[PDB]
Amino acid sequence: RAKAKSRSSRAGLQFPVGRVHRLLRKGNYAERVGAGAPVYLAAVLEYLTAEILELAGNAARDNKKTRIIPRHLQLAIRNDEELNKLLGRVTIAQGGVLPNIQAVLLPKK
Amino acid sequence: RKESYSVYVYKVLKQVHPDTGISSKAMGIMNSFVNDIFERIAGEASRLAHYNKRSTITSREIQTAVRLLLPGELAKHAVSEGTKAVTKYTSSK
Amino acid sequence: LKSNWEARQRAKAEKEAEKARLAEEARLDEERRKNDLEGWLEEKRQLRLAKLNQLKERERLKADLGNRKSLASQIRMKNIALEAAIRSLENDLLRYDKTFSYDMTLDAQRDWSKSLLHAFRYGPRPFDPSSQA
Amino acid sequence: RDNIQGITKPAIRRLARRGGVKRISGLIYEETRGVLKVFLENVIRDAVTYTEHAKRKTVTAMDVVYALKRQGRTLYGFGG
Amino acid sequence: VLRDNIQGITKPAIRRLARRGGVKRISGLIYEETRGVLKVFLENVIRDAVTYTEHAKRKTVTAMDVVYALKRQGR
Amino acid sequence: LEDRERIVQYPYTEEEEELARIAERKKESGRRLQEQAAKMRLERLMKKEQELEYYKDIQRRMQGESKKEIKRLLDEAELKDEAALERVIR
Amino acid sequence: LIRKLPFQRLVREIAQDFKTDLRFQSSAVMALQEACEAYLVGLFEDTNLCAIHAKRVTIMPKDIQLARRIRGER
Amino acid sequence: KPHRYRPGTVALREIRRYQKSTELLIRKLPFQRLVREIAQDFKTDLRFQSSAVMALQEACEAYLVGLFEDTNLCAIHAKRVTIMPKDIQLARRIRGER
DNA sequence: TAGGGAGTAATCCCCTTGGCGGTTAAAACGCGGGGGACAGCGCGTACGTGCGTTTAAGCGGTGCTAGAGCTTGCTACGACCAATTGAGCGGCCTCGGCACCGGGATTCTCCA
DNA sequence: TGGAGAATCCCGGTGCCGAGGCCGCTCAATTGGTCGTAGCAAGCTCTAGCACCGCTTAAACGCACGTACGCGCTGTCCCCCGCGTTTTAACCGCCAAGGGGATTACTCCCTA
């Protein structure tokens, strides 16, 4: 018997192709689940996780914080033209809002 | 036994920002995001299979779900990184 | 082609048997009406009342259905984890129940001739928006 | 009991400040209380059905989250 | 090749659509704005309907492809 | 009420080959819709009668084969029992 | 409301950017037009509310922008 | 004589404070009683997890904060600095919510 | 004939609700004044109505061929399950990030 | 422009507590084999999508022309802000209750 090599390792992914395969089966999404669908999906999950975490890691550094706080995830999402399209109807616990004052409200010169 | 993507989110984190950390409260949002985007792709992949009277979720379902669900440049890079992973998978085993 | 013709013929036999069954039911109702008219009309009145209750329940249901969208999604989790009849009864009562009258019918109960707001706005005449006059 | 009056005028003010609002009509406070109660009723009603169809007496955060996602107002942070 | 066909929703067509919406008076700046609004909507439903058409390996976009694409815009 | 009511007139202004052509289009479109319904029904006739024969053959095999086969054979009709299968049969 | 042939050419023109030589069913064109008519009719109704707000009678592009922004399309 | 800022100065200071912060703006215990008061009319002897009511503050405060933003745009569209109830009514009606 | 399910009540751990007390910070109350809401007014220009022109959309008709839609044949592949182990969860630990405080420095407002 | 004071910054100090890492186990992911099938490849039909032509008219469009409505401008005021005083009740802590649920006890009778 050959030693096991995890399906993630064979795809290079950090995300777990085996669990993603189970969850596609347990969820009854369809009668059958091809061997490649968990690999493709887990790669996309790892990409979208990496996109948001780089922008949130920037926002954390911009605020001198080493840890991503929920604030930094909300800032990263709402400042991004595509994450704000993807998550445009998502509410984030302790995310807050973008600092945004309508210019007509600022004191007149 | 409750299952969380937190260990995999943290491995992605140390690739994009080796110095940077995350709070468990922010990790809960990340875990909520991964579950929500899994559910949205898998749900559209289910509908895509059903619409075509196919019993199998193939990678072609996932690819079309990602092109439906994601906007713009996210869709194109997502489709790229998935096709790469499936190729490296198939070339290995 | 004969097999396709057979399918047409099979339904034609079912159509003929349906028409015969309806005609046989009509023949019985004819003799029930001729002999048991008072009982026969009392059937149609009670049937109309039942059909009215069924329609009112259906009309109430049609008011309950979609009163709040999440009604469906709430109930679905429990699993996971008359018009022609009323008209026909009314028409027979109008034909033969000399105590029945058109003002009883749901048609009259929805006629402009029975509406106060038509009188208020347009008086005893019928109204049409086609007339510029 | 009428605990909707416990949503005080300052609390409604701060929500409007985070909403970027400069001047608030004194008629807003009663209208905002009506808005909040109508919203909060709908979510709790949906949540209680998940609680009862799970045969529970305790409403759980995921009951609320499923009620919110059912309403199109997906909330991240409390669970997947 | 097709070009400039967005002018084919004429100004009176915009009026008919606007009066059906109850609009009484229409700034002339509405016409070019409504054309921009129509095209940005129609591009999204066509893009998804074509994404469904490709999945079936069809060359014909079907009414059911439109229905699925509209149902997705509903989300 | 026509005595109690009084009526004030605001000022107003008021204004066959096409009729045959319209009637032709109405006739043709109506007939074509009836042809579509008849074709759909006649299509349903062959399908549903063969599905009835499909259900009947499932019943025949269910009745013939061992009683342990009953549910698994009627599961070819995606239904647990004839008490269910008779519903869709009817 | 919209005329069929010019809307047809509009949807084919848009399709060129997504896939060349696409075919369209006669029924697929109408399902698009009736959705576009219903979208626009249902939007002017929201611009009119924005024009009857702020006391005007005349809808402005500023009203389309507010109607779309509050519908969430912006 | 003590200082006094002009009308609108501290309103902007307050906007810039609350748009910078993330902490919840409705008081906790007054909201718990509103939730339980609402829940009583659906089912007696219900309980809520603390996380279930805290999840429910976060949802409704985001709903109100998001609504105020839409109503503020309705005010300034009427050329008003002041939001008024008909701004709430317009915003929700455009949203298909009133 | 026997085994294990149905009934029931005592036993005992977990955990959510409610009250008490303080105290303290935020909500409530007052009031001056300001400035923004809003009504009233003038103009002008910009948009709806009408008429003559044109333009091309829509209907009836002919011809073609692509490709949707269906039937047939087979093998590849994912469902399935028994055997094996290591990835990933639950519990425990600690130190360093971050907050919160205090006081001195720079910014911003507003009135002169 | 200046200025005073009030508001916000920043810098250093303190603490605590939660994040990140370590350890046991397990159980759920992986290896290996069997069997059915399902969907992929070929081949036939013929459906309806596309292209073109010619006529009809009714919808579009250019321009005349007014007046109805948009908007700047003035006046008023009232009503919402900003800030000081009064009051209340939100938040925290600690104990209480009981209430629910899973395990254990023991008879009685169904069902294999």
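Sequence lines set the chain letters: A, B, ... in the order given, protein chains first and strands last, and positions in each chain run from 1.
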Given heavy-atom pairs under 4.5 angstrom as the criterion, report whether the side chain, backbone, both or neither of H:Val35 touches chain D. both
Under 4.5 Å to a heavy atom of chain D? For H:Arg17 that would be neither
Out of D:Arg14, D:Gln5, D:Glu31, D:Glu41, return the one with the most heavy atom pairs under 4.5 angstrom to chain H. D:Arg14
So how far is it from H:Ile88 CD1 to D:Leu27 CG, rounded to the nearest 0.5 Å? 10.0 Å
Specify which of D:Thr51, D:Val38, D:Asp2 makes the most heavy-atom pairs with chain H at under 4.5 Å. D:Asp2
Mark yes or no for whether H:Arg33, through its side chain, and D:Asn3, through its backbone, hold a donor-acceptor pair below 3.5 Å. no
In short, H:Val65 meets D:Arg18 closest at the heavy-atom pair CG1-CG, 3.9 Å
Pairs of heavy atoms under 4.5 Å with chain D: top-ranked of H:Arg80, H:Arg92, H:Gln40: H:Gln40
Provide the full list of salt bridge (charged side-chain N to carboxylate O under 4.0 Å, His left out) pairs with a residue in residues 71-80 of chain D, sequence neighbours left out, each pair given once. D:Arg73-H:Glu97
Interatomic distance, CG@H:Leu56 vs CZ@D:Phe39, rounded to 0.5 Å, equals 7.5 Å
Report the option among H:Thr71, H:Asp41, H:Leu29, H:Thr22 that has the most heavy-atom pairs separated by less than 4.5 Å from atoms of chain D. H:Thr22
Between H:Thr82 and D:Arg23, does any side-chain donor sit less than 3.5 Å from a side-chain acceptor? yes
Bottom line for H:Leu46: the part with an atom under 4.5 Å from chain D's heavy atoms is both
Whatever's closer than 4.5 Å to a heavy atom in chain D on H:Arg16 counts as neither
How many angstroms lie between atom CG of H:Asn72 and atom NZ of D:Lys22, to the nearest 0.5 angstrom? 10.5 Å
Spacing of D:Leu75 atom CG and H:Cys60 atom SG [to the nearest 0.5 Å]: 10.5 Å
Is the number of heavy atoms from other residues, nucleotides or ligands within 6.0 Å of NZ (H:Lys43) greater than 12? no
Nearest heavy-atom contact between D:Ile28 and H:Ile83 is CG1-O, 3.7 Å
Kindly state each residue pair satisfying salt bridge (charged side-chain N to carboxylate O under 4.0 Å, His left out) with at least one member in residues 48-71 of chain H, sequence neighbours excluded. H:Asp70-H:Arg95
Is chain D contacted by the side chain of H:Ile76, its backbone, both, or neither, given a heavy-atom distance below 4.5 Å? neither
Which answer fits H:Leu64, side chain, backbone, both or neither, if we ask what part of it has an atom under 4.5 Å from a heavy atom of chain D? side chain
Applying a strict 4.5 Å limit to non-hydrogen atoms, the region of H:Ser21 in contact with chain D is both
Does any heavy atom of chain D fall under 4.5 Å from the side chain of H:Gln57, the backbone, both, or neither of them? neither
Using a 4.5 Å cut-off on heavy atoms from C-beta on, say whether the side chain of H:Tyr63 contacts that of D:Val35. yes
Kindly give the heavy-atom pair with the smallest separation between D:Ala61 and H:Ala52, and that separation in Å. N-CB, 3.7 Å
Is it the backbone or the side chain of D:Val21 that comes under 4.5 Å from a heavy atom of chain H, or both, or neither? both
Toward chain H, the part of D:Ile7 with a non-hydrogen atom under 4.5 Å: side chain
Separation between CZ of D:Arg17 and CZ of H:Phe68, rounded to the nearest 0.5 Å: 10.5 Å
All heavy atoms of H:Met54 vs all of D:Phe78, minimum pair found to be O-CZ, 3.6 Å
Which atoms of D:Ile4 are under 4.5 Å from chain H, going by heavy atoms: the side chain, the backbone, both sets, or neither? both
Minimum heavy-atom distance D:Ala11-H:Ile26, with the two atoms named: CB-CA, 4.4 Å
With a 4.5 angstrom heavy-atom cut-off, is it the side chain or the backbone of D:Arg13 that approaches chain H, or both, or neither? side chain
For the interface with chain D, which of H:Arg36, H:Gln19, H:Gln89 has the highest count of heavy-atom pairs at distances below 4.5 Å? H:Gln19
Can you confirm whether D:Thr58 sits close enough to H:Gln49 that some side-chain heavy atom of one is under 4.5 Å from a side-chain heavy atom of the other? yes
Under a 4.5 Å heavy-atom cutoff, which of D:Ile44, D:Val64, D:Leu68, D:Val65 has the most pairs with chain H? D:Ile44
Could you grab the distance from atom CZ of H:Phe48 to atom CG of D:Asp63, nearest 0.5 Å is fine? 9.0 Å
